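FYI the Cβ positions are ideal-geometry reconstructions off the backbone, even for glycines, and counts take in every protein chain you see. What follows draws every value from the coordinates through simple rules; no lab data is involved.
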Amino acid sequence: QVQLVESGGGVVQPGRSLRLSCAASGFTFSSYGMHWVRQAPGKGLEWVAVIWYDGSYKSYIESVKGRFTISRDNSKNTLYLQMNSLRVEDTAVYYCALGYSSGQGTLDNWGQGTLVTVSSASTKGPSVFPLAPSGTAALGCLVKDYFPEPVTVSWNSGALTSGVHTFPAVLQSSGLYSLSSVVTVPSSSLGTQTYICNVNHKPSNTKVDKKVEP
Amino acid sequence: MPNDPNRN
Amino acid sequence: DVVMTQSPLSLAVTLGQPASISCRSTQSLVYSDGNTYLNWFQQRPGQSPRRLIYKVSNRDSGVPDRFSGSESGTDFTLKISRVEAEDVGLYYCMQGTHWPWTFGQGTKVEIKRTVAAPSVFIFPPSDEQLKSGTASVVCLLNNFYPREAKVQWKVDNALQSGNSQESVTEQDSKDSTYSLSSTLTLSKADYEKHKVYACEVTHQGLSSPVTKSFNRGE
């Protein structure tokens, strides 16, 4: 199908630079104009820039003019956003987007986004600790003291999904995130059945599997 | 600038 | 820039009821070809936006027909005729008549269901964590509605202040409930000087407060 995949986001110090790329496939990429839309965490969508199908015309929000450059390589099916003089306000998920069936005044195809964190803080992987259970019981894992977002958490290598709540990360007074992931299960399973949570923090290349026992 | 960045 | 103003910013409506989101524009969005390029997008947590309406009232293929769009000159309106549980999320308007293209601030749609009391569980710190000097105690409120809930911590029956933090899930798109975690944070030395750890939960679904507790060392 039509497929866009953004890459390049990470931690970047304020004032430094970062090149975002978006990889397109499944359609004739050189016939469609391309857009960048960002979304600060927990805030609203904001259109940023567009580039014509052939690269002629470009257009930017005033808040990024002079710092951001949109470009593209049609021979590589690739979109680019070059970000200089990054500010903390530039922190967001950046999507690439296009209008396929029609491109006039609309958008109908988006990437999954890449997260750009403008922060002087260091990348730090989490510590994982079990939440041990006491009709229905609950158990979980506490994923603590990491930076930046995000972590993913599955249960039993993804074989266990019913009943799972992974809580939104909370920023502690230290500047590090912490979350819990829980699941509700039958009490009778607590001595029959194994429960392992699978924590992945890609920014620090941290993978941890914790067995949660009663 | 028109509001369609695609090829006609 | 064209300023899209949306109202309401948050909208709570009971299942089966209608709901409508409005968007106003500081400039005409009629383009030289005679069309109005007003768009409506739905976005679910952790998901790219999905177009619902383009040019005011055209519904996207594969978008259910309880969604409609219309214009009153005064403003543009997205309508959901009968609100369903899967319609939680954010909704944005977007004009693509003038560069720069602009969105509205967004509108969050909460489902109003019947009251559901939470199930409450307490979790002591792990011996692994205690070996690095700090203790986390966790209280879980599972599948409740509405979202407002009071979680109080008591240590040896002394009420705690300032040393806990709360997180709440997005409204479940199927049963329209929430869940909440409260994390109490202590030093190991303070943890070991007390025996009873309790979280006391009051909620509109509970006829009395529910206390879950453990004794350190059991």
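Would you report the distance distribution of C-alpha pairs in the stretch C:76-218 as whole percents per 10 angstrom bin, up to the bin with the largest distance?
It works out to 10, 31, 23, 17, 12, 6, 1, in whole percents.
Per residue of C:47-59, count partner chain C-beta atoms within 10 Å of its C-beta, then hand back the mean as an integer.
Numbers: counts 3, 11, 8, 2, 6, 0, 1, 8, 4, 0, 0, 1, 0.
That average works out to 3.
Return the FRET efficiency for the residue pair A:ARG19, B:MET1: r is the Cβ-Cβ distance, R0 is 22 Å, and the value is rounded to the nearest 0.05.
The formula returns an efficiency of 0.30 here.
Around A:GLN82, under 11 Å between beta carbons, what's the net of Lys plus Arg minus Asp minus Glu among the other residues?
Computed value for this residue: +2.
Using only atoms on other chains, find how many Cβ atoms lie within 10 Å of each Cβ of peptide C:198-207 and report the average. Don't skip to the answer; put the middle values down first.
Values: counts 0, 0, 0, 0, 0, 0, 0, 0, 0, 0.
Averaged over the peptide's residues, the number is 0.
What percent antiparallel are the DSSP beta bridges of chain C, to the nearest 5?
Numbers: 65 of 70 bridges.
Taking every DSSP beta bridge within chain C, about 95 percent pair in antiparallel fashion.
Could you give me D for chain A, from Stokes-Einstein at 10 °C and 1.306 mPa s, where the hydrodynamic radius is the Kirkwood radius over C-alpha pairs? Units µm² s⁻¹, please.
Numbers: Rh = 19.5 Å.
In µm²/s, the coefficient rounds to 82.
Restricting to DSSP H runs of at least four residues, report the calculated mean residue ellipticity at 222 nm for chain C, -39500 (n - 2.57) per run over all residues, nearest 500 deg cm²/dmol.
-500 deg cm²/dmol
Students often check this: by mean Cβ neighbours within 10 Å, which of C:86-94, A:137-145 ranks highest, and how do the rest follow?
Sorting C:86-94, A:137-145 by mean packing, highest first, produces A:137-145, C:86-94.
For peptide C:119-132, how many partner chain Cβ atoms fall within 10 Å of a residue's Cβ, on average?
Mean partner-chain Cβ count within 10 Å for C:119-132: 5.
Which distance in Å, rounded to a whole number, links the C-alpha centroids of the stretch C:144-218 and the stretch C:20-38?
Their Cα centres are 48 Å away from one another.
Within a Cβ distance under 13 Å of A:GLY33, other residues only, what is the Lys/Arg minus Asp/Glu net charge?
Summing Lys/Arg as +1 and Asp/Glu as -1 gives 0.
Could you work out the mean projected area of the convex hull around the alpha carbons of the protein assembly as shown, in square nanometres to one decimal?
23.4
How charged is the neighbourhood of A:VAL153? Take every other residue with its Cβ under 14 Å from the Cβ of A:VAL153, and add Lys/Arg as +1 and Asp/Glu as -1.
Its environment carries a net charge of +2.
Set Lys and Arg Cβ to +1 and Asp and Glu Cβ to -1, take the dipole of the stretch C:16-163 about its Cα centre, and tell me which of C:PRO146, C:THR114, C:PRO18 lies farthest positive.
The residue sitting most towards the positive pole is C:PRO18.
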